[PDB]
file my_file05.pdb (PDB, N, CA and C atoms (P, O5', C5', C4', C3', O3' and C1' of nucleotides))
MODEL        1
ATOM      1  N   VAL C 453     -53.472  -4.406 -16.486
ATOM      2  CA  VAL C 453     -54.131  -3.575 -17.482
ATOM      3  C   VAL C 453     -54.994  -4.414 -18.418
ATOM      4  N   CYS C 454     -54.666  -5.698 -18.593
ATOM      5  CA  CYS C 454     -55.350  -6.507 -19.597
ATOM      6  C   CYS C 454     -56.843  -6.625 -19.335
ATOM      7  N   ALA C 455     -57.282  -6.439 -18.089
ATOM      8  CA  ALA C 455     -58.711  -6.469 -17.800
ATOM      9  C   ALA C 455     -59.436  -5.316 -18.481
ATOM     10  N   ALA C 456     -58.833  -4.125 -18.482
ATOM     11  CA  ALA C 456     -59.480  -2.963 -19.083
ATOM     12  C   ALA C 456     -59.660  -3.141 -20.583
ATOM     13  N   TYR C 457     -58.638  -3.658 -21.264
ATOM     14  CA  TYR C 457     -58.717  -3.878 -22.699
ATOM     15  C   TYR C 457     -59.585  -5.068 -23.069
ATOM     16  N   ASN C 458     -60.018  -5.865 -22.091
ATOM     17  CA  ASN C 458     -60.635  -7.161 -22.359
ATOM     18  C   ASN C 458     -59.711  -7.994 -23.239
ATOM     19  N   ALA C 459     -58.417  -7.923 -22.939
ATOM     20  CA  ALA C 459     -57.373  -8.444 -23.812
ATOM     21  C   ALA C 459     -56.980  -9.841 -23.351
ATOM     22  N   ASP C 460     -57.505 -10.849 -24.036
ATOM     23  CA  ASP C 460     -56.940 -12.184 -23.953
ATOM     24  C   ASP C 460     -55.707 -12.252 -24.842
ATOM     25  N   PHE C 461     -54.658 -12.909 -24.352
ATOM     26  CA  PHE C 461     -53.383 -12.940 -25.057
ATOM     27  C   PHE C 461     -53.285 -14.098 -26.038
ATOM     28  N   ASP C 462     -54.415 -14.567 -26.564
ATOM     29  CA  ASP C 462     -54.431 -15.670 -27.523
ATOM     30  C   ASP C 462     -54.336 -15.148 -28.958
ATOM     31  N   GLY C 463     -53.257 -14.425 -29.227
ATOM     32  CA  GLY C 463     -53.042 -13.886 -30.555
ATOM     33  C   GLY C 463     -53.798 -12.608 -30.839
ATOM     34  N   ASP C 464     -53.829 -11.686 -29.883
ATOM     35  CA  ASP C 464     -54.630 -10.475 -29.982
ATOM     36  C   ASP C 464     -53.755  -9.329 -30.465
ATOM     37  N   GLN C 465     -54.121  -8.745 -31.601
ATOM     38  CA  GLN C 465     -53.383  -7.616 -32.139
ATOM     39  C   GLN C 465     -53.785  -6.329 -31.433
ATOM     40  N   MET C 466     -52.860  -5.373 -31.413
ATOM     41  CA  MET C 466     -53.079  -4.101 -30.742
ATOM     42  C   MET C 466     -52.221  -3.044 -31.417
ATOM     43  N   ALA C 467     -52.732  -1.816 -31.445
ATOM     44  CA  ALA C 467     -52.128  -0.725 -32.193
ATOM     45  C   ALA C 467     -51.509   0.307 -31.262
ATOM     46  N   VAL C 468     -50.457   0.952 -31.757
ATOM     47  CA  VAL C 468     -49.732   1.996 -31.045
ATOM     48  C   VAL C 468     -49.753   3.266 -31.879
ATOM     49  N   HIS C 469     -49.977   4.392 -31.207
ATOM     50  CA  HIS C 469     -49.935   5.713 -31.813
ATOM     51  C   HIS C 469     -49.005   6.592 -30.994
ATOM     52  N   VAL C 470     -48.178   7.372 -31.678
ATOM     53  CA  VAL C 470     -47.155   8.194 -31.037
ATOM     54  C   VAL C 470     -47.667   9.628 -30.965
ATOM     55  N   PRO C 471     -47.907  10.177 -29.774
ATOM     56  CA  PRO C 471     -48.235  11.608 -29.667
ATOM     57  C   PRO C 471     -47.005  12.455 -29.945
ATOM     58  N   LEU C 472     -47.129  13.374 -30.899
ATOM     59  CA  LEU C 472     -45.980  14.121 -31.399
ATOM     60  C   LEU C 472     -45.779  15.445 -30.666
ATOM     61  N   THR C 473     -46.786  16.315 -30.692
ATOM     62  CA  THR C 473     -46.617  17.661 -30.172
ATOM     63  C   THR C 473     -46.503  17.648 -28.651
ATOM     64  N   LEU C 474     -46.117  18.802 -28.104
ATOM     65  CA  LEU C 474     -45.926  18.926 -26.663
ATOM     66  C   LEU C 474     -47.239  18.731 -25.915
ATOM     67  N   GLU C 475     -48.287  19.434 -26.348
ATOM     68  CA  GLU C 475     -49.579  19.318 -25.689
ATOM     69  C   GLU C 475     -50.102  17.895 -25.751
ATOM     70  N   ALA C 476     -49.827  17.178 -26.839
ATOM     71  CA  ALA C 476     -50.262  15.790 -26.925
ATOM     72  C   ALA C 476     -49.583  14.934 -25.866
ATOM     73  N   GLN C 477     -48.276  15.123 -25.669
ATOM     74  CA  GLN C 477     -47.567  14.355 -24.651
ATOM     75  C   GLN C 477     -48.117  14.656 -23.266
ATOM     76  N   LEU C 478     -48.319  15.941 -22.967
ATOM     77  CA  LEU C 478     -48.836  16.306 -21.655
ATOM     78  C   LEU C 478     -50.243  15.765 -21.442
ATOM     79  N   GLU C 479     -51.092  15.844 -22.468
ATOM     80  CA  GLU C 479     -52.447  15.326 -22.344
ATOM     81  C   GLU C 479     -52.438  13.824 -22.126
ATOM     82  N   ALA C 480     -51.577  13.101 -22.842
ATOM     83  CA  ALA C 480     -51.483  11.664 -22.624
ATOM     84  C   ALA C 480     -51.076  11.366 -21.189
ATOM     85  N   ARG C 481     -50.022  12.031 -20.710
ATOM     86  CA  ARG C 481     -49.519  11.755 -19.370
ATOM     87  C   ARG C 481     -50.510  12.160 -18.284
ATOM     88  N   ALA C 482     -51.360  13.150 -18.549
ATOM     89  CA  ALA C 482     -52.251  13.645 -17.507
ATOM     90  C   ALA C 482     -53.635  13.016 -17.538
ATOM     91  N   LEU C 483     -54.104  12.561 -18.695
ATOM     92  CA  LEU C 483     -55.455  12.043 -18.843
ATOM     93  C   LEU C 483     -55.506  10.566 -19.192
ATOM     94  N   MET C 484     -54.583  10.081 -20.019
ATOM     95  CA  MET C 484     -54.664   8.736 -20.556
ATOM     96  C   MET C 484     -53.631   7.794 -19.960
ATOM     97  N   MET C 485     -52.856   8.243 -18.980
ATOM     98  CA  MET C 485     -51.873   7.369 -18.358
ATOM     99  C   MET C 485     -52.579   6.250 -17.606
ATOM    100  N   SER C 486     -51.909   5.102 -17.518
ATOM    101  CA  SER C 486     -52.518   3.943 -16.876
ATOM    102  C   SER C 486     -52.857   4.231 -15.420
ATOM    103  N   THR C 487     -51.960   4.915 -14.710
ATOM    104  CA  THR C 487     -52.159   5.190 -13.293
ATOM    105  C   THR C 487     -53.225   6.243 -13.029
ATOM    106  N   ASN C 488     -53.710   6.932 -14.058
ATOM    107  CA  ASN C 488     -54.767   7.921 -13.907
ATOM    108  C   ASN C 488     -56.153   7.354 -14.172
ATOM    109  N   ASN C 489     -56.266   6.050 -14.408
ATOM    110  CA  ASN C 489     -57.525   5.410 -14.777
ATOM    111  C   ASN C 489     -57.771   4.177 -13.918
ATOM    112  N   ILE C 490     -57.601   4.315 -12.602
ATOM    113  CA  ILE C 490     -57.764   3.156 -11.730
ATOM    114  C   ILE C 490     -59.221   2.907 -11.357
ATOM    115  N   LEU C 491     -60.111   3.868 -11.590
ATOM    116  CA  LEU C 491     -61.530   3.708 -11.308
ATOM    117  C   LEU C 491     -62.321   3.699 -12.608
ATOM    118  N   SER C 492     -63.320   2.830 -12.678
ATOM    119  CA  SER C 492     -64.152   2.766 -13.871
ATOM    120  C   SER C 492     -65.120   3.945 -13.900
ATOM    121  N   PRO C 493     -65.278   4.601 -15.054
ATOM    122  CA  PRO C 493     -66.210   5.733 -15.130
ATOM    123  C   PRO C 493     -67.669   5.324 -15.099
ATOM    124  N   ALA C 494     -67.979   4.038 -15.266
ATOM    125  CA  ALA C 494     -69.359   3.581 -15.298
ATOM    126  C   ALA C 494     -69.939   3.331 -13.917
ATOM    127  N   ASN C 495     -69.096   3.063 -12.925
ATOM    128  CA  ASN C 495     -69.537   2.839 -11.559
ATOM    129  C   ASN C 495     -68.310   2.851 -10.664
ATOM    130  N   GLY C 496     -68.545   2.988  -9.365
ATOM    131  CA  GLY C 496     -67.445   3.025  -8.423
ATOM    132  C   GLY C 496     -66.814   1.663  -8.227
ATOM    133  N   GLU C 497     -66.201   1.141  -9.286
ATOM    134  CA  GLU C 497     -65.572  -0.168  -9.270
ATOM    135  C   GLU C 497     -64.185  -0.046  -9.886
ATOM    136  N   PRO C 498     -63.140  -0.508  -9.204
ATOM    137  CA  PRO C 498     -61.796  -0.430  -9.783
ATOM    138  C   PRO C 498     -61.701  -1.247 -11.060
ATOM    139  N   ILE C 499     -60.928  -0.738 -12.021
ATOM    140  CA  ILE C 499     -60.640  -1.494 -13.232
ATOM    141  C   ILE C 499     -59.344  -2.281 -13.104
ATOM    142  N   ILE C 500     -58.629  -2.126 -11.998
ATOM    143  CA  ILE C 500     -57.422  -2.887 -11.728
ATOM    144  C   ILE C 500     -57.727  -4.106 -10.854
ATOM    145  N   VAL C 501     -58.964  -4.598 -10.902
ATOM    146  CA  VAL C 501     -59.380  -5.822 -10.219
ATOM    147  C   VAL C 501     -58.325  -6.893 -10.448
ATOM    148  N   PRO C 502     -57.852  -7.553  -9.394
ATOM    149  CA  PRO C 502     -56.723  -8.478  -9.545
ATOM    150  C   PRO C 502     -57.029  -9.593 -10.532
ATOM    151  N   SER C 503     -56.003  -9.969 -11.285
ATOM    152  CA  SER C 503     -56.140 -10.923 -12.371
ATOM    153  C   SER C 503     -56.467 -12.320 -11.843
TER     154      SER C 503
ATOM    155  P     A T   1      32.767  65.768 -97.818
ATOM    156  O5'   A T   1      32.351  66.033 -96.304
ATOM    157  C5'   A T   1      32.699  65.098 -95.267
ATOM    158  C4'   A T   1      33.968  65.534 -94.577
ATOM    159  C3'   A T   1      33.987  66.974 -94.080
ATOM    160  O3'   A T   1      33.370  67.116 -92.806
ATOM    161  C1'   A T   1      35.949  66.560 -95.314
ATOM    162  P     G T   2      32.123  68.103 -92.634
ATOM    163  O5'   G T   2      32.779  69.404 -91.990
ATOM    164  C5'   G T   2      33.919  70.041 -92.598
ATOM    165  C4'   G T   2      33.595  71.475 -92.938
ATOM    166  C3'   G T   2      32.142  71.747 -93.311
ATOM    167  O3'   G T   2      31.372  72.166 -92.193
ATOM    168  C1'   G T   2      33.510  72.327 -95.119
ATOM    169  P     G T   3      29.898  71.583 -91.981
ATOM    170  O5'   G T   3      28.977  72.872 -92.139
ATOM    171  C5'   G T   3      29.478  74.055 -92.783
ATOM    172  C4'   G T   3      28.694  74.349 -94.039
ATOM    173  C3'   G T   3      27.422  73.548 -94.244
ATOM    174  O3'   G T   3      26.338  73.943 -93.417
ATOM    175  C1'   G T   3      28.613  73.604 -96.264
ATOM    176  P     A T   4      25.383  72.826 -92.792
ATOM    177  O5'   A T   4      24.169  72.779 -93.821
ATOM    178  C5'   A T   4      23.672  73.991 -94.414
ATOM    179  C4'   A T   4      23.144  73.716 -95.799
ATOM    180  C3'   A T   4      22.256  72.485 -95.938
ATOM    181  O3'   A T   4      20.918  72.700 -95.518
ATOM    182  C1'   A T   4      23.920  72.388 -97.578
ATOM    183  P     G T   5      20.311  71.798 -94.347
ATOM    184  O5'   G T   5      19.207  70.931 -95.099
ATOM    185  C5'   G T   5      18.474  71.484 -96.205
ATOM    186  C4'   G T   5      18.538  70.553 -97.390
ATOM    187  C3'   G T   5      18.083  69.129 -97.127
ATOM    188  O3'   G T   5      16.670  68.997 -97.177
ATOM    189  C1'   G T   5      20.149  69.081 -98.251
ATOM    190  P     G T   6      15.898  68.341 -95.944
ATOM    191  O5'   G T   6      15.877  66.795 -96.318
ATOM    192  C5'   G T   6      15.750  66.370 -97.686
ATOM    193  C4'   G T   6      16.399  65.020 -97.873
ATOM    194  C3'   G T   6      16.201  64.037 -96.725
ATOM    195  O3'   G T   6      15.043  63.240 -96.942
ATOM    196  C1'   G T   6      18.505  64.265 -97.168
ATOM    197  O5'   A T   7     -31.416  17.569 -67.316
ATOM    198  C5'   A T   7     -30.244  17.592 -66.513
ATOM    199  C4'   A T   7     -30.166  18.845 -65.678
ATOM    200  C3'   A T   7     -31.052  18.886 -64.442
ATOM    201  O3'   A T   7     -30.510  18.178 -63.340
ATOM    202  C1'   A T   7     -31.282  20.907 -65.626
ATOM    203  P     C T   8     -31.485  17.438 -62.296
ATOM    204  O5'   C T   8     -32.011  18.613 -61.356
ATOM    205  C5'   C T   8     -31.114  19.369 -60.556
ATOM    206  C4'   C T   8     -31.836  20.443 -59.780
ATOM    207  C3'   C T   8     -32.885  19.964 -58.787
ATOM    208  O3'   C T   8     -32.332  19.521 -57.561
ATOM    209  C1'   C T   8     -33.771  21.737 -60.072
ATOM    210  P     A T   9     -32.599  18.021 -57.047
ATOM    211  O5'   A T   9     -34.163  17.978 -56.749
ATOM    212  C5'   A T   9     -34.747  18.824 -55.768
ATOM    213  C4'   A T   9     -36.178  19.159 -56.109
ATOM    214  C3'   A T   9     -37.196  18.042 -55.919
ATOM    215  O3'   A T   9     -37.624  17.886 -54.579
ATOM    216  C1'   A T   9     -37.492  18.990 -58.046
ATOM    217  P     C T  10     -37.723  16.418 -53.925
ATOM    218  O5'   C T  10     -38.553  15.561 -54.986
ATOM    219  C5'   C T  10     -39.957  15.733 -55.131
ATOM    220  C4'   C T  10     -40.527  14.803 -56.175
ATOM    221  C3'   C T  10     -40.716  13.353 -55.753
ATOM    222  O3'   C T  10     -41.886  13.136 -54.986
ATOM    223  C1'   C T  10     -39.655  13.413 -57.852
ATOM    224  P     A T  11     -41.821  12.205 -53.680
ATOM    225  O5'   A T  11     -42.062  10.730 -54.233
ATOM    226  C5'   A T  11     -42.173   9.631 -53.335
ATOM    227  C4'   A T  11     -42.537   8.350 -54.044
ATOM    228  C3'   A T  11     -42.844   7.170 -53.126
ATOM    229  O3'   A T  11     -43.829   6.339 -53.735
ATOM    230  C1'   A T  11     -41.004   6.632 -54.502
ATOM    231  P     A T  12     -45.233   6.084 -52.994
ATOM    232  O5'   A T  12     -45.957   4.988 -53.897
ATOM    233  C5'   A T  12     -46.446   5.309 -55.192
ATOM    234  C4'   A T  12     -46.973   4.085 -55.896
ATOM    235  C3'   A T  12     -48.227   3.461 -55.298
ATOM    236  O3'   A T  12     -49.427   4.105 -55.699
ATOM    237  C1'   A T  12     -46.622   1.774 -55.672
ATOM    238  P     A T  13     -50.731   4.035 -54.759
ATOM    239  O5'   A T  13     -51.888   4.678 -55.641
ATOM    240  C5'   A T  13     -52.337   4.044 -56.834
ATOM    241  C4'   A T  13     -53.821   3.761 -56.798
ATOM    242  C3'   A T  13     -54.644   4.657 -55.877
ATOM    243  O3'   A T  13     -55.949   4.794 -56.438
ATOM    244  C1'   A T  13     -54.902   2.427 -55.209
ATOM    245  P     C T  14     -56.887   6.045 -56.071
ATOM    246  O5'   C T  14     -58.336   5.400 -55.929
ATOM    247  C5'   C T  14     -58.590   4.383 -54.966
ATOM    248  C4'   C T  14     -59.799   3.552 -55.321
ATOM    249  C3'   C T  14     -60.507   2.899 -54.134
ATOM    250  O3'   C T  14     -61.913   2.876 -54.374
ATOM    251  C1'   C T  14     -59.834   1.235 -55.661
ATOM    252  P     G T  15     -62.942   2.602 -53.167
ATOM    253  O5'   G T  15     -63.754   1.322 -53.647
ATOM    254  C5'   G T  15     -64.809   1.457 -54.585
ATOM    255  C4'   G T  15     -65.196   0.135 -55.199
ATOM    256  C3'   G T  15     -65.484  -1.005 -54.241
ATOM    257  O3'   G T  15     -66.772  -0.910 -53.658
ATOM    258  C1'   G T  15     -64.193  -1.781 -56.076
ATOM    259  P     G T  16     -67.313  -2.072 -52.688
ATOM    260  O5'   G T  16     -67.924  -3.149 -53.687
ATOM    261  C5'   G T  16     -68.062  -4.502 -53.291
ATOM    262  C4'   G T  16     -67.907  -5.449 -54.456
ATOM    263  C3'   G T  16     -67.732  -6.909 -54.081
ATOM    264  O3'   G T  16     -68.968  -7.543 -53.818
ATOM    265  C1'   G T  16     -66.099  -6.306 -55.682
ATOM    266  P     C T  17     -69.237  -8.232 -52.395
ATOM    267  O5'   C T  17     -68.763  -9.731 -52.629
ATOM    268  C5'   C T  17     -69.098 -10.403 -53.829
ATOM    269  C4'   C T  17     -68.180 -11.569 -54.074
ATOM    270  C3'   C T  17     -67.729 -12.317 -52.834
ATOM    271  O3'   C T  17     -68.706 -13.219 -52.350
ATOM    272  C1'   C T  17     -65.866 -11.904 -54.214
ATOM    273  P     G T  18     -68.840 -13.483 -50.773
ATOM    274  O5'   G T  18     -67.656 -14.499 -50.473
ATOM    275  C5'   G T  18     -67.492 -15.657 -51.273
ATOM    276  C4'   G T  18     -66.136 -16.279 -51.068
ATOM    277  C3'   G T  18     -65.692 -16.421 -49.629
ATOM    278  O3'   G T  18     -66.289 -17.528 -48.980
ATOM    279  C1'   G T  18     -63.917 -15.550 -50.917
ATOM    280  P     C T  19     -66.691 -17.433 -47.430
ATOM    281  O5'   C T  19     -65.340 -17.803 -46.681
ATOM    282  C5'   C T  19     -64.570 -18.906 -47.120
ATOM    283  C4'   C T  19     -63.139 -18.802 -46.672
ATOM    284  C3'   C T  19     -62.926 -18.495 -45.205
ATOM    285  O3'   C T  19     -63.104 -19.632 -44.383
ATOM    286  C1'   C T  19     -61.472 -17.169 -46.511
ATOM    287  P     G T  20     -63.708 -19.469 -42.905
ATOM    288  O5'   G T  20     -62.505 -18.831 -42.081
ATOM    289  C5'   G T  20     -61.258 -19.501 -42.014
ATOM    290  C4'   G T  20     -60.158 -18.595 -41.530
ATOM    291  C3'   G T  20     -60.417 -17.838 -40.245
ATOM    292  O3'   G T  20     -60.307 -18.642 -39.086
ATOM    293  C1'   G T  20     -59.432 -16.392 -41.820
ATOM    294  P     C T  21     -61.215 -18.319 -37.802
ATOM    295  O5'   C T  21     -60.329 -17.290 -36.974
ATOM    296  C5'   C T  21     -58.944 -17.526 -36.785
ATOM    297  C4'   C T  21     -58.205 -16.254 -36.465
ATOM    298  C3'   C T  21     -58.724 -15.464 -35.280
ATOM    299  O3'   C T  21     -58.268 -15.974 -34.041
ATOM    300  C1'   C T  21     -58.309 -14.005 -37.095
ATOM    301  P     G T  22     -59.319 -16.390 -32.901
ATOM    302  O5'   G T  22     -60.040 -15.022 -32.523
ATOM    303  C5'   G T  22     -59.611 -14.251 -31.406
ATOM    304  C4'   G T  22     -58.775 -13.071 -31.835
ATOM    305  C3'   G T  22     -58.813 -11.873 -30.896
ATOM    306  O3'   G T  22     -57.559 -11.197 -30.942
ATOM    307  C1'   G T  22     -59.671 -11.251 -33.012
TER     308        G T  22
ENDMDL
END

call {"tool": "encode", "arguments": {"input": "my_file05.pdb", "output": "structure tokens"}}
result
Amino acid sequence: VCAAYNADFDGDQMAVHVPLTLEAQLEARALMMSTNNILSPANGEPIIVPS
RNA sequence: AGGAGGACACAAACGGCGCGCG
């Protein structure tokens, strides 16, 4: 996943938000889950390119 | 003798300057 975030682990801060309501949980699991974003929307190129 | 009477509630903010990190 670190490729998608452009996340180098050299002291990189990152934020967490908790979806509260039912629809928020379902929307997260259906649209924003890691396994639902294996293709880049900018071109037909995987974002899970091996590290 | 008889007889008569008699207090509930209530938890810290806004603008600069500087530095630093992603």

call {"tool": "closest_residue", "arguments": {"input": "my_file05.pdb", "among": "C:471, C:463, C:496, C:502", "to": "chain T", "atoms": "all atoms listed in the file"}}
result
C:463

call {"tool": "closest_atom_pairs", "arguments": {"input": "my_file05.pdb", "of": "chain C", "to": "chain T", "cutoff": "8 Å", "atoms": "all atoms listed in the file", "output": "CSV"}}
result
residue,atom,partner,partner_atom,distance
C:459,CA,T:22,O3',7.6
C:460,C,T:22,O3',6.5
C:461,C,T:22,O3',7.1
C:462,C,T:22,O3',5.5
C:463,C,T:22,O3',4.0
C:464,CA,T:22,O3',3.2
C:465,N,T:22,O3',4.3
C:466,N,T:22,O3',7.5

call {"tool": "atom_distance", "arguments": {"input": "my_file05.pdb", "atom1": "atom C of residue 489 in chain C", "atom2": "CA of residue 477 in chain C"}}
result
18.0 Å

call {"tool": "atom_distance", "arguments": {"input": "my_file05.pdb", "atom1": "CA of residue 503 in chain C", "atom2": "CA of residue 488 in chain C"}}
result
19.0 Å

call {"tool": "select_by_dssp", "arguments": {"input": "my_file05.pdb", "residues": "chain C", "states": "alpha helix (DSSP H)", "output": "list in words"}}
result
residues 454, 455, 456, 457, 474, 475, 476, 477, 478 and 479 of chain C

call {"tool": "axis_aligned_box", "arguments": {"input": "my_file05.pdb", "around": "range 2-9 of chain T", "padding_each_side": "4 Å", "output": "AutoDock Vina command-line options"}}
result
--center_x -1.9 --center_y 45.9 --center_z -76.4 --size_x 79.5 --size_y 64.9 --size_z 51.7

call {"tool": "atom_distance", "arguments": {"input": "my_file05.pdb", "atom1": "atom C of residue 499 in chain C", "atom2": "atom N of residue 474 in chain C"}}
result
29.1 Å

call {"tool": "resolve_selection", "arguments": {"input": "my_file05.pdb", "expression": "the PyMOL selection byres (((chain C and resi 486 and name CA+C1') around 12) and name CA+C1')", "output": "MDAnalysis selection string"}}
result
chainID C and resid 453:454 456:457 480:485 487:491 499:500
